[PDB]
Structure formats: C-alpha cells, structure tokens
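*Asks:*
Chains as they are written, first to last, in the deposited numbering: chain A, 14 to 42; chain B, 11 to 43; chain C, 8 to 259; chain D, 8 to 259; chain G, 8 to 259; chain E, 8 to 259; chain F, 3 to 259.
(1) Does the stretch 36-56 of chain G come into contact with the stretch 193-206 of chain F, if we say contact requires no fewer than three beta-carbon pairs (one atom in each stretch) closer than 8 Å?
(2) Could you compute how far the alpha carbon of residue 7/C sits from the alpha carbon of residue 233/G?
(3) Thinking C-beta only, is residue 172/D closer than 8 Å to residue 172/E?
(4) Counting only beta-carbon atoms, is residue 35/B nearer than 8 Å to chain C?
(5) For the alpha helix (DSSP H) holding residue 61/F, just list the boundary residues, first then last.
(6) Could you please give the first and the last residue of the uninterrupted alpha helix (DSSP H) stretch that includes residue 36/E?
(7) Got a sec? Which residues, its chain only, sit under 7 Å from residue 222/G by beta carbon, not counting five neighbours each side?
(8) Tell me the rounded alpha-carbon separation between residue 89/C and residue 242/C.
(9) Could you tell me the alpha carbon to alpha carbon distance between residue 154/E and residue 227/F, rounded to whole angstroms?
(10) Taking only runs that begin and end inside the stretch 196-258 of chain G, name each unbroken alpha helix (DSSP H) of 4 or more residues, in chain order.
(11) Name the chain B residues that come within less than 8 Å of residue 204/C, Cβ to Cβ?
(12) Compute the Euclidean distance between the alpha carbons of residue 115/G and residue 147/F, then round it to the nearest angstrom.
(13) How long is the line joining the alpha carbons of residue 87/G and residue 229/G, rounded to whole angstroms?
(14) Shorter than 8 Å from the beta carbon of residue 30/A to some beta carbon of chain E?
(15) Alpha carbon to alpha carbon, how far is residue 12/B from residue 141/G?
(16) With a threshold of 8 Å, are at least 3 pairs of Cβ atoms found where one atom belongs to the stretch 38-50 of chain F and the other to the stretch 190-198 of chain F?
(17) I need the DSSP call for residue 15/B, collapsed to helix, strand or coil.
(18) Could you list which residues in chain D have their beta carbon closer than 7 Å to that of residue 209/C, in chain order?
(19) Do the CB positions of residue 19/B and residue 185/C come within less than 8 Å of each other?
(20) Hey, would you say the C-beta of residue 117/E is under 7 Å away from at least one heavy atom of the ligand SAH?
(21) Along the stretch 87-102 of chain F, what residues have a CB closer than 9 Å to any CB found in chain E?
(22) Looking at residue 246/E and residue 103/F, is the spacing between their C-beta atoms short of 8 Å?
(23) Residues in its own chain within less than 6 Å of residue 49/C by CB, not counting five upstream and five downstream?
(24) Closer than 7 Å by beta-carbon distance: list the chain E residues that pair up with residue 137/F, in chain order.
(25) Among 4/F, 123/F and 124/F, which residue has its Cα nearest to the Cα of residue 70/F?
(26) 8 Å is my cut-off, CB to CB: does residue 44/E come that close to chain D?
(27) Where does residue 22/B sit, in a helix, a strand or coil, going by DSSP?
(28) Cutting at 7 Å between CB atoms, please list the residues of its own chain near residue 99/F, excluding the five before and the five after it.
(29) Could you pull the start and end residues of the alpha helix (DSSP H) that residue 163/C belongs to?
(30) According to the Cβ coordinates, are residue 94/F and residue 214/F closer than 8 Å?
(31) Please classify residue 116/G: does DSSP put it in a helix, a strand, or coil?
(32) Please tell me whether residue 169/E has its Cβ less than 8 Å away from any Cβ of chain D.
(33) Hey, how far is the Cα of residue 252/E from the Cα of residue 79/E?
(34) Residues of chain A with CB under 9 Å from residue 41/B, in chain order?
(35) Taking CB distances under 8 Å as the criterion, tell me whether residue 172/D reaches chain A.
(36) Inspect the beta-carbon positions of residue 168/D and residue 26/A and report whether they are closer than 8 Å.
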C-alpha cells in the first residue's frame, strides 16, 4: 500500500463530522 | 510506468473540509456561550 | 453495454429522490458548467485537437463492433486446418475468405504467402501490442478526465465558499451557500466515477479481452503455417476459455 | 482454512448491536440504492455480462476446490508410474478419469498418445498462464468493485450533505439526508475492505497455490512419458512440495 | 494550442465573480506570494539548474515547432524503399532529402557507412530513450509543482486559521477571516490543476506520441537496411497507425 | 527498534495530555476490539497460513539474530585470501569452520570441492532473491495491515455515529457521542502509522541491508575462486562500506 | 561549482512561511504549542527509529551532509587534472611515477590512481570502479529514501494530531479552555506536518537523487580518465571522451584556453 489510501474514507468521515456539526447548526442551541 | 488515478483532488478536499470542521466548531462554541 | 449507463444514473437518482426533497437543489446550471467546462478545458490543455478528437472515434468502438470470438475462433480454425491438411494444400484461398472480420485474415493472407514463422509472428505481435497501446492511451485519456472532473469540482467548491464567506449576513445563509457550493464537487465526483473511470477500466478490460483473442488467433495462424494435427491445435486453442466455455464448446 | 470472514462481520455486529438493541437503523433503503446499485452499475459499465457473469464461476469455483490436496497428486503420480513401469505398459491406462476432478486428465489423455513432449510442455504451461491470467482478471474485478464502492459512498456523502443543507427547517428531510450520508459510506466501507479488497487479494494467493500445483502436475506428466522410476521420480517431483509438508509427506 | 488555458481560466473566471459581489474578494496580495513563492521555493530546493532550464526546452518545443506529419513516415518510407529496392542504390543520399527535417537525416546519414545493422538500432533506441526520459523529467517536474502548489496553499490556509485564535472580534467578523484564509488553497488548487497537472500530462502524452513516431521511423530505417519491399515494410509501418487512420490512409 | 515503540507512544501520550485534558476520554475497550480485531480478521481473509506464518520468521529477525557483518566480512575474506595465497590453499577447511553465520558458510563449503563461477553466481542470486521476496512479502503484509487498521477504525467510527442519530435529543450528547465514537479511527490511524507502517518499512530497510551484506559475501566468495590477493580483493570488498566505515576500518 | 539553488530556496520558503505568521497581528509565538511539537515531530522521529536502527539512522547527517557539503573542487578541473597527469606520465617518464596522486583531491581519483600505478588488469579496474559507483548510488538512494519516508510519516502524525485535537475538543464541549488549545493542537499538528514534509524532507529527499546523479556522472568521467591513463593516450586524443560528459554550455565553458 502507499500509507495514504484511507485519506479517501478519512475525508468521508471528516465530511460526516461536518454534517453532524451542520446538524448542531440549525438552532445553534 | 503507468499510474493514473483521481487522488490529487482529495488532498485539497479533505484538508479544506477539516478546516471547515474547526470553523464550524468555533462558530458553534462562541455563539452558544 | 449502454444499458449500464442509464442504470448507474437511475439508481443513484432514485437514491437522491427517496422522498426527501425536490432535486431542484441538486441542479445548478452554473456549477454544472464550472465542473464540466473546466475538466474539458484542462483536457484541451492536456490533449490538443486532432488527438483529443481521436478520443470519441475509439470510445465509440466500445459501444459497437462486437466480436464473435472465444467459441468461433476455435471452430473457424479447426475447420480451416482440416481443410488445408489432408485436402489440397494450405494455399486454399477459396474458403480463406467469407469471414474477413478484422484480424484473422491479417495473418491468414500472409501464411498463404511465402514467409517464415518469425516474421508473421512479429507482425502479429506488433499489431497486438499497438492495439493494447491505443487502448491504454484511450483509457489514460478517460481516467485523466475522471481525475480533472472532481479537481475542478473542488475548485468550484472553493470559489463558492470564498464568495459565500465575507459576502453573507451570518444568520442562516451559511447552510444554503454550502449546499450550492458543494453541488460542484458533487457533480465532479459523480461524473468521474459514474462515467469516466468505469469507461477507462472498460477500455482496459476490452484491450485485455481482444488481446487474448488476438493471441488465440496467432497461436493457430502459426499452426496453419506449420500444418499440424488439428487435435493438438484444437487442444491448444481451447486452452484459452473459461471452464464454462471449455465445456460449452465441447458439445459443439 | 483460516478465512475468518465470520470474525470481521461478527465484530461488526457486536459493534452494531450495542445499547441500541435494534439494528434496523443500520438499514436505509436509499443508501443501499446509492452505494450497492451504483457500484454494481459501474461494474456493468466496466464489466459487461458474459464477463461479469464470471463473478460466481471463478470467485465461487476457487472457494470449494478442497477435493485434491497437493500430496494426493504426488501419490497418484506415484502409483500411476507404478503401473507405467515394468508392471504393465504405457499403452492402456484408465486411472486418469477415475477420481480426478478436472485437470491432469488433459495432460494424461494426451500423453497416452504417441506424440512429442515439447508440445506437451508448450500447451500445459500455456494453460497455466491462461489460468493465472483468468484469476488475475477475477481478482482485479474484485478490487475494482472495492474501488467503486467507497467512491459511491463519497458520492452519497455529498448527496446527503446537499440534501440536508438549504432546508434545515424541519426534522424529516434533515434526518433522511443525515442517515443517507452516514449509511451510504458505511455500506461502502463495510463492503470494500471487508468483502472485496480482502477477497480481491485472497483470490491471488489461491491462484499462486493452484499455479504451483499445476507446475507440479506438469513435471509429473512429463515424468510419466519419460522412462523414470517413481523412486527417482519422487525427488524430481517433491521439489515443488511445500517446505513444511516435505517432512509431513515423508510419513507415507 | 493555448486555447486550453483560455477556456480554463475563462471558466474559472466566469463563475469566479458571477454570483459574488466583485472579483476583488478573490484576490489577496499575500496569498499569491505564499502559494506561488512557496511552491517555487520548494522547487528550487527540489530541482537544480540544468534540470530546471532543461524543462524550458520542452515546455517550448510543445507550444512551438509543430511538426504534424505522422503518415508522411508511411508515405515516404515506402517511397524510399522504391527508390532503393532494385533500380535505386543504397547510397542515393541526394534522393533522401526534401523530407528529413532534423531527425531522419541523422538516422540515415549513418546507415550506408561503417555501422552494423544492430548498432544503428542501439543508437536510435538510446535516442528514443533519452527523449522519453527528458520528457518524463519535465513532466514529473510539472506534476511535482502541481503537488507543491496545493500543499503550500494548505500551509497558507493553516497560517490564516491559527492566527484567528489571536483575535477575539466577538461573533462579528470571523467568517470574513475564514474566507480570506480559504483564498490560499483556492490559488493552490487552481494553479495546480489548471497549469501544472494538465501541462505535465501534456508532456507525458506528447512523449508517448513522439516515441511511437520515432519507433515507427526506427522500424522503417531497419527495414530499408535489409531491403524487404513487398508488403513487409508497409505492413510493419501501418500497424502503428489507428484503424480509422488506416482507412483514411488506404486511399492515398 | 524496540526502543522506538515505547517512544512513539510516550511522545504522543505526552502530546495528548500537555493541554491538561483527562486522557480518560481516549480509552474505550470496545473500540480497541473493533479496530484491531477487524483488521486482523480482514487480514486472515486476505492472507493464508504458510504465508502468514512466514511473516513471523522475519519479524523475529529484525529484533533478534544479530550477526557480526560489515566489518568482519572483509577481515574474514582478506584472511582467507591470504591463506588461499600459497599458504593454506583452497582445500583448507580449518578457517571456513567456526565462521558459519548462515550464508558465508553456504558458499565457502561449496567453493572448496568444485563449482563454476557462472553456477555459484546463479544460485547465490536466487538465494538473495528469495530472501528479498520473503522480506518484501512480510513488509507488504504489514503495510496492508496498516491499511486495514484505519479502514476498520473508520468502520467503527461509522458504527458509533449511526446509532447516535436514533437517540437524537438536544443536549451535550450529540458531541459526547461524536467524541467517544471517533476513538476508533484514532486507534486505527495510530496503530497504522505507529506500529505497522513503520515496521513495514523496517522490513524493507532490513532487506536492503541484508542484500548489501549478501552481495558483499557473494563478491568475496567469487573472489576466493579466482586466485586473487589483498590490495585488489580488499579494494573490491571495501567498496561496500559507508565512508564512515572506511575510516573506522582503515584504522584496524 | 556552487549549488546555489537550495540555500536560496530554503531561505525563500521559510521566509515566506514566516512572514505569513507575522502578517495578521505579528505575534509569532502562537504557532508554538509544545503538545503538537511532540505529536508531530517526536512522533515521526520515533517512527523513524522504529524504521531505522540508530546505527544506520546515524548515517543521516553523514551521507546526507557529505552531499550537502560538496566542497570537492572536482567539477570541471578533472579534465586538466588528467591531462597534466598524462603529460607527465607520457614522454615525461613512465606510468609508475606518482606526481601528486598520493596527496591530491577527493579519494575516488586518489583510489583509482593508487590502483593504476600497480599492475592491474583494466577489466578488474573497470569492474571495481563500476561496482564502487553503483554502491555509492545505492547509499545515496538509501539516504534519499530515508528522507522521503520521514516526509511521509510527518503528515501521517499530522492527521493523528488532528484526531487528537478533535477527540479532546468534542470531549470537553464547553470549558473556554478546551475549545481553544484543543483546536490549536489540531491545527498546529497539521501545520507542522504539512510544512515539514514538503518544505524540508520531500524536496531535500528528492534533491539527494540529483546530486547522486551528478556525482555518478563525475565518477564515470573519472573512471574513463583513469582507464585512459592506464591504456596510454595523448591529451590530444583524451578529450574525445572526457568532454562528452558535461552540459553543452559547460562544454565551451573551459575550452577558451
């Protein structure tokens, strides 16, 4: 392997954390 | 010596989104309290 | 073969439309053009005209021009061997025609001529190698465009994010702006892995299949050049077929 | 057989079946469509039928081949050369099709005829090459699907992010899009590196084992034609045997 | 063919300020320095002189000096075969002119001299290899620059982010700082895949094209060395050109 | 190499705590099992015994089996060639014994009776090649495990996140569950780039070191069966040591 | 003569990435948290120890600094430093007469010339010299790969630090001391990794290979000169091979006299 190939699914789950934070953002409280 | 793939677009993508994560968690933290 | 293209978009479009919201938000004429025009432009930077214009005239060969091989090369070789050996001579031109499809005659017109097994082998191997190279070139041109599509989708995403930030009122525009921004990278990623990379790997797989077919031809063209027992030749010829086909041909 | 497919999915289920005792939430119908439908459809774009149909005639034909171990073939060659030597002749042999599965018959049914051994090597090594290439193509298909699965998981991630965005005014579309984004990539990850990339790489080691076995059978069938005794043939055949099994075979 | 850059930087320019207020928020003065000066500095570290000014010799040979003859090789090598087969002497150097630009002359000015049939193969293969290697060097240099550009754009965006923890500016103007920071990765990603990756791939593709052309020329100069006229030279040369190019060439 | 592990973990543990935060949040025992068990399960799917049991015989050679090479090889060979020169000719086993590491003896016991340089060279190349393949396969297995570790860490992250949208109340828990659900990819990536990827590269480095050593030994033994003396053979052998070892050996 | 691109490139890259810090408030100490330094630098360095034993990881600043120093004058002078030797050994005595080859410059010329005074077959000389060059190039490749491997490990632990900073941030939701200094870790780990990797290691890792190539060509022309001396040729005919190694502008660079 190249030692980097999870950076695809890493970006996936980071995007998903971002989505959860969006979910924390429709009300901000 | 043939090596083609659509990886290069993930470098800027993953890091841009990991900046947006911190941007958003700061916006969350401050406005809340 | 084109039946898969409508499915690869209809399945995801149904998934996009699982009773959640109108797909009007999933479509923005600006972002479509950013992504596709940018990938096309970077393709023009990469390949010039008369060499990027040669793309479609090779990719269209993947949608048509099917091969009869893997069950019929064996038959059309064993009957030719039985007709040349034991009957007349190998120069029987009467029956060497009527099946001039693409490549078998490329060497069969030569074995009836005065050559040596090495020069015919070298012409045939050169043809196979250059076919693989042309398909590799097309597949490279397709994977490279599949790479430029999401790169420019992310470029457009960054453009949208820049002109969204420091341009908004910081109340509720943050979300919708992000949506209409990431529309661009959605289009790029979708087009890439739904159209191009599958088509590039399709070119590569078709090159593999036609390469096995041309090797199967050449091994047997050389046999007709030598006039060998059709049994041995039927055996070396059939030693190219999937186990289902090694039997499916057996009862024929 | 150390294939611990039960272990990874068992650990996933034990992870899935945490305090949320209902694992019906790990099943979104839209996410199934996006991930699996798009992956299979780009696999049809890449691999057309009559080729993609081989996803269960090599992938399945290799995972049930525990009917002939590489010691049984040694003992079979031993007691065939037993009756090929002074006791009997190399003219009548019927043990070929007695309890053999698929191979060593084509070599034997051919060597019992009065033909040269060079062509036998040429055809058998050819069969081994084509078999390794077929397994390489099957494993490359398995890895290509493991490449398209998380790509469409990312596609669905973008889909669920866009659909959730711009309409954060209720608790239905946001929930649907959130579940889509999560489970779309969950299926792609749980699919690629647990069913396809493992099994894509695994199918190549089965191919290596079968290639070694086939070279062994090749040396054996060439030894049957030549006038060799099983004692002086055993050492010429046992060379390909596994290092740890050399002592494990000496029990006899 | 600079129409590629026109389309690329016109399409990343049309959407650049279409929706936004003005194209001014897409231009910081420091960010350009960070991105481009950093990538160029990492290139200075990475590459010496005589390998940097060695790039400027091919990035100009692509743009200018357009030699578009590819069938002239097939249309003139058979001609020279006619002018040297039976009625033509091998040393009619007066007739080999009017077509050689700067390569076929040097290929042919040392065939009738004290040069063995295979040493002319070796020297031409070494010329092809050094051309491929120089094109490859330029192409990997350009791809390496397209790799450092978004990396240093990311470095600059990190620079802009970390500084935000020095200012408080309660809830008022922080989104603007995030926008201004995001500009550096925008320039990085834009420059990378709008200049360097497409031009690097252009060097690669042109290297492949010219290597195919020079290998065709090589097989031609090796065929005339022997003197095999009948269909042999022609069938070897035409194998290189595309099948559509084959029917396009068949007429004349 | 055994010092490195405790260091790479202690430094990151100091970094995880220098803020003053409680490391209690970086520990849940279920996630350790998800990550490591899933990676080793997919590894069992991926690799078979007879080739998973050969990773251990080489990962138990980078921590053990310390020889005396790179300064003693030259001494040994120069003293044998001093013996092979008119005092203690090639038939003297007195010096060959007691110096058996694993390899120098392999060639020094076969040079004495009779062999040809073009045979010892070939068998030695084959031995070095199989030793390189063993280390390459072990390194590929460790790199593949460093690949499946963060993959299954991501899988576990998704498992923890999906069961969080069901219990979607609004207080502190949408964050606490993202925290304790992200631990799995942390363990994944941490093991990947702290244990497996470093050790994967360690196997390759040791393979290079042992290849240099075995090439030195090969050149030495080939020099023994040539009738050469020091100041030539020493000059040859010495051209494998780092220039540091050239001054740290010339003083001895 | 003097490789001036890397010293100006290092200062340019670092001056730009340093002026980047002091252009938003000018405070430069906010880009130094000791935690992220550990996670990134100590992490990658420890993984470098796991990969490389301290014995040949000690050859870092040896077979890297010997190339980066390159104070050896053997750039173009090799030509005249060989023509004078050939003139003094040809018609000015015999080959077994050292002029300065026991006190001259860098050891390769010294090594070959010490070999060519004593009777040695040219084939043996050629084999030893080529085998002496290939091993030099292999040590250079080992050093360059050691550098690029660290360039690879640095952003790996940048990602690991990003994960640390996200975990310990989400853990403490509101403390006014963990949001900050928890996002600081996540950002600065990535900053150190992405700066280190492609500013110090990946460039200089790739840089070692071009220096290895130029030194290989230098050693090749040196070998050719030594074999020319061993065979015995006039300086007139000597240039027919030595000059065909430099760059075309470097060709005329000395032929003025």
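Don't be surprised by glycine CBs; every beta carbon is placed ideally from N, CA and C.
*Replies:* The answer reads as follows:
(1) yes
(2) Only positions 8 to 259 of chain C appear in this structure, which leaves residue 7/C out of reach.
(3) no
(4) no
(5) No alpha helix (DSSP H) holds residue 61/F; DSSP gives it neither H nor E.
(6) Element bounds for residue 36/E: 36-53.
(7) 135
(8) 14 Å
(9) In this structure, the CA atom of residue 154/E is about 51 Å from the CA atom of residue 227/F.
(10) 204-233, 239-245 and 250-258
(11) Taking a Cβ-Cβ threshold of 8 Å, the residues of chain B close to residue 204/C are 16, in chain order.
(12) 44 Å
(13) 13 Å
(14) yes
(15) Annotation: residue 12/B to residue 141/G spans about 17 Å, alpha carbon to alpha carbon.
(16) The stretch 38-50 of chain F makes contact with the stretch 190-198 of chain F: 3 or more CB pairs, one atom from each, lie closer than 8 Å.
(17) Three-state result, residue 15/B: coil.
(18) 52 and 53
(19) No. Outside cutoff.
(20) Ligands in the displayed structure: none, and consequently the ligand SAH is not present.
(21) none
(22) no
(23) 155
(24) 246 and 247
(25) Of 4/F, 123/F and 124/F, the smallest CA-CA separation from residue 70/F is found for 4/F.
(26) yes
(27) Correct three-state label for residue 22/B: helix.
(28) 91
(29) 124-171
(30) No, they are not a contact pair.
(31) coil
(32) yes
(33) A straight-line Cα-Cα distance of about 12 Å links residue 252/E and residue 79/E.
(34) 41 and 42
(35) Using a Cβ-Cβ cut-off of 8 Å, residue 172/D counts as an interface residue toward chain A, since at least one Cβ of chain A sits closer than that to its own.
(36) Cβ distance not < 8 Å, so residue 168/D and residue 26/A don't count as in contact.
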